[PDB]
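Engineer: One structure coming up, written as structure tokens, with questions to follow.
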Amino acid sequence: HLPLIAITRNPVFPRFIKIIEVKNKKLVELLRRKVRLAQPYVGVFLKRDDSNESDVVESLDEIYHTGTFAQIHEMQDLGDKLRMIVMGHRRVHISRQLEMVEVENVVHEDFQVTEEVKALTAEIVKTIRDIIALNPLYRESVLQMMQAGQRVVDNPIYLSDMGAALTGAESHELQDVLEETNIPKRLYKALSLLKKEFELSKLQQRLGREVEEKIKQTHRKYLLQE
Amino acid sequence: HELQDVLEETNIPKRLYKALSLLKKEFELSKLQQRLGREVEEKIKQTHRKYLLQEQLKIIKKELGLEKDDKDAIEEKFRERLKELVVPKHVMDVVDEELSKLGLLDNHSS
Amino acid sequence: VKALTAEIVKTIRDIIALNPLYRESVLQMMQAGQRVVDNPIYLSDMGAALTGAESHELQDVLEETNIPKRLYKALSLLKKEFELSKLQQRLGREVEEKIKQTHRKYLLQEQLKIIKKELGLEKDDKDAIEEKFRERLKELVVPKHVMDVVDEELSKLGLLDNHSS
Amino acid sequence: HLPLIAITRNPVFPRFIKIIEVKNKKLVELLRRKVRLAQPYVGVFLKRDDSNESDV
Amino acid sequence: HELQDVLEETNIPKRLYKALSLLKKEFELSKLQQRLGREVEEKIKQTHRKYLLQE
């Protein structure tokens with residue numbers, strides 16, 4: 001029974017550390033009111049299209065039904081007065097956020113036979129390796145800690161979510177991947193997100209090499225003219 | 001576990017045949033996945049080429065090296081300057097071609 | 001009393017690293033951890049030789065009689081050179097980054113044009129005008145003497161860009 | 001006659017160079033004690049279903 | 001022509017000597033072009049670097 005938080009353009013992918021710094025100070029009152037608790041926590045929800053902070057505080061239907069509840073780790077507040085840490089621990093698809101009642105309706109069907117189902121996983125981490133190699137966003141040390149050979153991925157859905165966090169897909173798209181209920185549908189959608197980034201990247205790369213070689217063809221003949 | 005089972009076999013034809021059978025099943029799994037993924041990839045390819053050309057359009061727009069604001073202001077300014085005049089055709093077409101030249105050129109060339 | 005020497009040799013290594021004047025092999029021959037500095041006055045003088053300080057300054061360093069005073073003055077000289085070196089280095093990177101921001105932004109703008117040059121590769125102007133001249137030309141009982149020029153000039157029009165004078 | 005190594009989800013196929021990086025520091029004492037040994041060696045084995053380091 | 005001339009030679013040390021001479025003669029021409037190219041490039045560096053100084 002806490003008011004929804006004003007996410008204000010802050011996606012919290014499952015099992016991916018994130019920070020929330022809302023500019024309003026009315027949310028700090030709620031963050032300071034939970035410091036008396038022995039186990040403080042915060043919930044994370046996603047916003048709908050045409051974001052609006054005034055509608056988030058006026059009505060509670062703007063926020064999507066999906067939520068990722070988690071516990072806070074620790075406040076720092078070095079520069080601003082609202083530096084909260086968020087995490088994706090318990091995913092949820094609230095039946096009605098307006099009513100607040102909640103239930104962990106985390107559907108997760110998976111085949112018993114997990115032999116053919118991990119061959120695509122090899123391609124997912126390979127696509128992540130090519131996405132971080134051709135489009136490096138974050139460090140590769142997390143990939144060396146959590147290896148493929150060394151099967152220490154106790155939560156594959158979470159590893160896929162952490163890998164999908166590298167995707168540049170719109171927040172809406174993330175909600176759409178969460179909307180998918182079957183596990184192979186969301187898995188292919190995550191792969192689709194990767195491909196959508198991949199197409200643009202390849203376009204940019206071809207365009208860049210083309211312009212650069214044109215510059216080389218320019219200047220090299222100028223060296224010849226010299 | 002499967003590796004240990006393949007190692008338990010002592011005779012060479014037995015382990016070789018078991019290894020090949022294991023290769024057959026693994027290749028069958030990888031093939032069905034590669035085909036299902038090709039089908040899904042085709043279902044993603046179903047998105048129209050207009051969207052791709054729209055992507056190139058937004059790529060053009062989302063840049064900080066596009067048409068000069070100063071030139072656009074002069075462009076509209078001279079257009080409104082002509083808006084009300086009983087303009088002869090000669091000056092009209094010459095003004096239009098020169099305005100294109102204005103759009104093309106850099107903001108500091110003489 | 002030997003604590004100042006450690007900062008003097010670290011500053012001299014930073015002076016030859018950021019402003020390399022002479023080789024560092026003399027610095028490895030006479031190091032501070034192998035009991036190879038039998039003459040500190042001489043080592044300070046040799047270290048002070050790397051300085052670019054004015055002759056006047058050298059005389060000023062000689063005026064000092066006490067050892068920590070001349071060492072401190074030598075340090076002041078070191079700071080004067082260090083100040084000049086860091087100024088030049090920052091200044092150089094600044095000018096170069098201005099050049100990079102120049103050319104790089106031109107690379108982006110160049111990309112913008114190239115992709116907005118042949119966005120639709122249909123010669124909406126070049127071809128329409130050449131074909132236009134052709135049908136307008138088609139019906140006349142033309143001299144062949146002119147056809148040579150018109151066709152080669154058609155090729156030149158196919159080469160040149162539209163905006164060009 | 002050496003204690004079993006804590007493979008910890010690391011398959012070492014025969015005649016295939018492999019690297020082992022256990023997080024525990026208890027295996028380094030045995031690795032430092034075999035450098036002084038005349039013949040330095042280590043054995044590699046495979047684990048059964050449902051891996052468990054406490055059972056190893 | 002030179003290849004045929006090397007074939008005309010019958011002794012083995014004569015063709016070997018000519019082959020070495022052929023190799024050096026081409027190398028000499030190559031090196032002349034290479035020296036000229038690096039020289040032109042160094043001239044360009046001395047050009048532009050002074051422009052960096054003037055700027």
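Chains: A, B, ... in order of the structure tokens. Residues: from 1 per chain. Ligands: from 1, in order shown.
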Pull out every residue of chain C sitting within 9 Å of chain A, counting only C-alpha atoms, and send them as a PDB file with C-alpha atoms, in the first residue's frame.

Structural biologist:
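Written out: iface.pdb:
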```
ATOM      1  CA  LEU C 107      32.892  13.759 -41.405  1.00  0.00           C
ATOM      2  CA  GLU C 110      29.845  14.537 -45.132  1.00  0.00           C
ATOM      3  CA  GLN C 111      28.029  11.363 -44.221  1.00  0.00           C
ATOM      4  CA  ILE C 114      26.421  11.352 -49.074  1.00  0.00           C
ATOM      5  CA  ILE C 115      23.353   9.564 -47.752  1.00  0.00           C
TER       6      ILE C 115
END
```

Engineer: Which residues of chain E are close to chain A, meaning at most 12 Å apart when you count only C-alpha atoms, and how do they look as JSON, numbers by chain?

Structural biologist: {"E": [36, 37, 38, 39, 40, 41, 42, 43, 44, 45, 47]}

Engineer: Could you make a table, as a tab-separated table, of the residues of chain D that have an atom within 9 Å of an atom of chain A, each with its nearest atom pair and distance in Å to one decimal, counting only C-alpha atoms, in chain and number order?

Structural biologist:
```
residue	atom	partner	partner_atom	distance
D:8	CA	A:150	CA	7.9
D:9	CA	A:150	CA	5.2
D:10	CA	A:150	CA	5.7
D:11	CA	A:149	CA	7.9
```

Engineer: Deliver the residues from the most recent selection as a file, using C-alpha atoms, as a tab-separated table (two decimals), in the first residue's frame.

Structural biologist:
```tsv
chain	number	residue	atom	x	y	z
D	8	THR	CA	33.46	-27.18	-10.23
D	9	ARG	CA	31.63	-27.30	-13.59
D	10	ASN	CA	34.73	-27.58	-15.82
D	11	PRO	CA	34.92	-30.45	-18.37
```

Engineer: Taking only C-alpha atoms into account, name the residue in B:54, B:21, B:33, B:107 that is nearest to chain A.

Structural biologist: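 Checking each candidate against chain A, we get B:33 as the closest.
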
Engineer: With only C-alpha atoms as the basis for distance, which of D:5, D:40, D:33, D:45 is at the shortest distance from residue 21 of chain D?

Structural biologist: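 Under the stated criterion, the closest residue is D:5.
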
Engineer: Find the residues around residue 79 of chain B up to 10 Å (only C-alpha atoms counted), leave out those fewer than 6 positions away in its own chain, and share them as a list in words.

Structural biologist: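 Counting only C-alpha atoms, the residues come to residues 73, 95, 96 and 99 of chain B.
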
Engineer: Enumerate the residues of chain B with a DSSP assignment of helix (DSSP H, G or I), computed from the backbone, and present them as a PyMOL selection string.

Structural biologist: chain B and resi 2-8+12-45+49-61+69-82+89-104

Engineer: Taking the backbone alone, and naming residues the way the document does, which bits of segment 48-140 of chain A are strand (DSSP E) by DSSP, as number ranges by chain?

Structural biologist: A: 66-71, 84-86, 90-93

Engineer: Write a file of the just-selected residues containing C-alpha atoms, as an mmCIF file, in the first residue's frame.

Structural biologist:
```cif
data_model
loop_
_atom_site.group_PDB
_atom_site.id
_atom_site.type_symbol
_atom_site.label_atom_id
_atom_site.label_comp_id
_atom_site.auth_asym_id
_atom_site.auth_seq_id
_atom_site.Cartn_x
_atom_site.Cartn_y
_atom_site.Cartn_z
ATOM 1 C CA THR A 66 4.056 -5.128 -14.923
ATOM 2 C CA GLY A 67 6.339 -4.464 -11.994
ATOM 3 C CA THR A 68 9.721 -5.606 -10.758
ATOM 4 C CA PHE A 69 9.693 -5.432 -6.960
ATOM 5 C CA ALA A 70 13.048 -5.447 -5.191
ATOM 6 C CA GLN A 71 14.877 -4.418 -2.051
ATOM 7 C CA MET A 84 18.051 5.483 -4.982
ATOM 8 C CA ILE A 85 19.314 2.121 -6.205
ATOM 9 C CA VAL A 86 16.845 -0.228 -7.887
ATOM 10 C CA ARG A 90 10.729 -10.229 -8.336
ATOM 11 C CA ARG A 91 8.934 -9.674 -11.624
ATOM 12 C CA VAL A 92 5.168 -9.306 -11.430
ATOM 13 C CA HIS A 93 2.196 -8.597 -13.683
#
```

Engineer: For chain B, which residue out of A:96, A:73, A:221, A:189 is the nearest one, using only C-alpha atoms?

Structural biologist: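 Comparing A:96, A:73, A:221, A:189 against chain B, the winner is A:189.
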
Engineer: Near chain C, which residues of chain E fall within 12 Å when you count only C-alpha atoms, and what do they look like as a PyMOL selection string?

Structural biologist: chain E and resi 49+51-55

Engineer: With only C-alpha atoms counted and 8 Å as the cut-off, give the residues of chain D in contact with chain B, each with its shortest interatomic distance in Å and the pair that gives it, as JSON lines.

Structural biologist:
```
{"residue": "D:46", "atom": "CA", "partner": "B:4", "partner_atom": "CA", "distance": 7.7}
{"residue": "D:47", "atom": "CA", "partner": "B:1", "partner_atom": "CA", "distance": 7.9}
{"residue": "D:48", "atom": "CA", "partner": "B:1", "partner_atom": "CA", "distance": 6.4}
{"residue": "D:49", "atom": "CA", "partner": "B:1", "partner_atom": "CA", "distance": 6.9}
```

Engineer: Would you mind listing, as JSON, numbers by chain, all residues of chain A that have at least one atom within 7 Å of chain B, where only C-alpha atoms are what counts?

Structural biologist: {"A": [116, 119, 120, 192]}

Engineer: Grab the atom CA of residue 51 of chain B to atom CA of residue 116 of chain C distance for me, in Å with one decimal place.

Structural biologist: 17.4 Å

Engineer: Only residues of chain B matter here; which ones have an atom within 8 Å of chain C, counting only C-alpha atoms? Give them as a ChimeraX atom specification.

Structural biologist: /B:60,65-66,100-101

Engineer: Near segment 153-156 of chain A, counting only C-alpha atoms, which residues have an atom at most 12 Å away, once you skip same-chain residues fewer than 3 positions from it, shown as a list in words?

Structural biologist: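 The contact residues come out as residues 14, 15, 89, 108, 110, 114, 117, 118, 121, 122, 124, 125, 143, 145, 146, 147, 148, 149, 150, 159, 160, 161, 162, 163, 164, 183 and 187 of chain A; 9 of chain D.
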
Engineer: Emit the selected residues as a compact mmCIF listing (two decimals), in the first residue's frame, including N, CA and C atoms.

Structural biologist:
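Written output follows (result.txt):
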```txt
# COMPACT_ATOMS: atom_id res chain seq x y z
N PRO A 14 15.32 -6.97 -15.56
CA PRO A 14 15.54 -7.95 -14.49
C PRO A 14 17.02 -8.23 -14.27
N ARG A 15 17.41 -8.33 -12.99
CA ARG A 15 18.80 -8.61 -12.57
C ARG A 15 19.82 -7.72 -13.28
N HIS A 89 14.37 -7.97 -9.12
CA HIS A 89 14.42 -9.22 -8.36
C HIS A 89 13.17 -10.06 -8.55
N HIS A 108 6.34 -19.16 -16.19
CA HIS A 108 7.65 -19.53 -16.71
C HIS A 108 7.74 -20.97 -17.23
N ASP A 110 8.88 -24.11 -19.32
CA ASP A 110 10.13 -24.49 -19.98
C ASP A 110 10.12 -26.00 -20.17
N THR A 114 16.29 -30.04 -21.75
CA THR A 114 17.05 -28.81 -21.96
C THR A 114 18.37 -29.18 -22.60
N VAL A 117 17.32 -26.89 -26.25
CA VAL A 117 16.89 -25.55 -25.87
C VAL A 117 18.06 -24.66 -25.51
N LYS A 118 19.26 -25.21 -25.34
CA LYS A 118 20.40 -24.39 -25.01
C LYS A 118 21.25 -24.18 -26.25
N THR A 121 20.76 -20.73 -26.92
CA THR A 121 21.43 -19.97 -25.88
C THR A 121 22.86 -19.67 -26.30
N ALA A 122 23.51 -20.64 -26.97
CA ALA A 122 24.88 -20.44 -27.43
C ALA A 122 24.92 -19.29 -28.43
N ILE A 124 22.67 -16.83 -28.45
CA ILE A 124 22.30 -15.60 -27.74
C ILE A 124 23.52 -14.98 -27.10
N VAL A 125 24.37 -15.80 -26.49
CA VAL A 125 25.56 -15.22 -25.87
C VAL A 125 26.55 -14.87 -26.97
N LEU A 143 30.91 -11.06 -18.52
CA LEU A 143 30.78 -12.26 -19.33
C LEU A 143 31.86 -13.27 -18.97
N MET A 145 33.04 -13.62 -15.90
CA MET A 145 32.69 -14.15 -14.59
C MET A 145 31.66 -15.25 -14.75
N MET A 146 30.65 -15.01 -15.59
CA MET A 146 29.55 -15.91 -15.87
C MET A 146 29.81 -16.49 -17.27
N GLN A 147 30.54 -17.61 -17.29
CA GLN A 147 30.99 -18.29 -18.50
C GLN A 147 29.90 -19.21 -19.04
N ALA A 148 30.10 -19.67 -20.28
CA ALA A 148 29.19 -20.60 -20.93
C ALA A 148 29.61 -22.04 -20.66
N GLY A 149 30.91 -22.32 -20.74
CA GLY A 149 31.48 -23.62 -20.46
C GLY A 149 31.09 -23.95 -19.04
N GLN A 150 31.58 -23.12 -18.13
CA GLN A 150 31.25 -23.21 -16.71
C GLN A 150 29.77 -22.88 -16.61
N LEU A 159 19.75 -14.37 -17.06
CA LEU A 159 20.92 -14.10 -17.88
C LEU A 159 20.48 -13.52 -19.22
N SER A 160 19.36 -14.03 -19.76
CA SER A 160 18.85 -13.51 -21.02
C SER A 160 18.37 -12.08 -20.82
N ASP A 161 17.79 -11.78 -19.65
CA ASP A 161 17.33 -10.42 -19.39
C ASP A 161 18.53 -9.49 -19.28
N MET A 162 19.60 -9.96 -18.62
CA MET A 162 20.80 -9.14 -18.49
C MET A 162 21.41 -8.90 -19.86
N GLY A 163 21.31 -9.91 -20.74
CA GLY A 163 21.82 -9.78 -22.09
C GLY A 163 20.93 -8.87 -22.93
N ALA A 164 19.62 -8.91 -22.67
CA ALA A 164 18.66 -8.09 -23.38
C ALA A 164 18.76 -6.65 -22.91
N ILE A 183 7.67 -18.68 -23.13
CA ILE A 183 9.09 -18.41 -22.97
C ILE A 183 9.76 -18.38 -24.34
N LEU A 187 11.73 -15.14 -25.87
CA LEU A 187 13.12 -15.38 -26.23
C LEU A 187 13.38 -14.96 -27.66
N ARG D 9 32.18 -27.55 -12.25
CA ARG D 9 31.63 -27.30 -13.59
C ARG D 9 32.70 -26.88 -14.61
```

Engineer: Between atom CA of residue 2 of chain C and atom CA of residue 37 of chain C, what is the spacing in Å?

Structural biologist: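 Separation of atom CA of residue 37 of chain C and atom CA of residue 2 of chain C: 11.4 Å.
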
Engineer: Please indicate the distance in Å from atom CA of residue 19 of chain E to atom CA of residue 5 of chain E, rounded to one decimal place.

Structural biologist: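 Distance between the two atoms: 10.6 Å.
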